[PDB]
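**Q** Dropping the structure in here first, questions after.
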Amino acid sequence: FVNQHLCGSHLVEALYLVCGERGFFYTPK
Amino acid sequence: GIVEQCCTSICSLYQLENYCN
């Protein structure tokens, strides 16, 4: 699921799955 | 940044992990 176009909520969801308990930052520029 | 460049190009795990805390 990581090796593809990840737009909008798709990216947030991949960050969420990848980062697990670390969490992540989502910064659209 | 990733938000733009992982949507216009395909993403990778290298890139995603760079945005984990």
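Only the coordinates and a few stated rules stand behind these numbers; no lab work does. Neighbour counts run over all protein chains shown; Cβ positions are idealised from the backbone, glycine included.
**Q** Within chain B, which residues are more than 7 Å from every other protein chain (Cβ to nearest Cβ), within 14 Å of A:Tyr16 (Cα to Cα) and in a loop (DSSP other than H, G, I, E, B)?
**A** Within chain B, just B:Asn18 meets the criteria.
**Q** Are any residues in the range A:7-18 within 7 Å of chain B (Cβ to nearest Cβ), under 8 Å from the mean Cα position of the chain (by Cα) and free of Cβ contacts under 8 Å to residues at least 12 places away in the same chain, and if so, which ones?
**A** Selection gives A:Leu15 alone.
**Q** I'm trying to understand the selection: among the residues of the range A:3-29, which are farther than 16 Å from B:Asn18 by Cβ and surrounded by 11 or more Cβ atoms within 10 Å (Cβ to Cβ)?
**A** Scanning the range A:3-29 gives A:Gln4, A:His5, A:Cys7, A:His10, A:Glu13.
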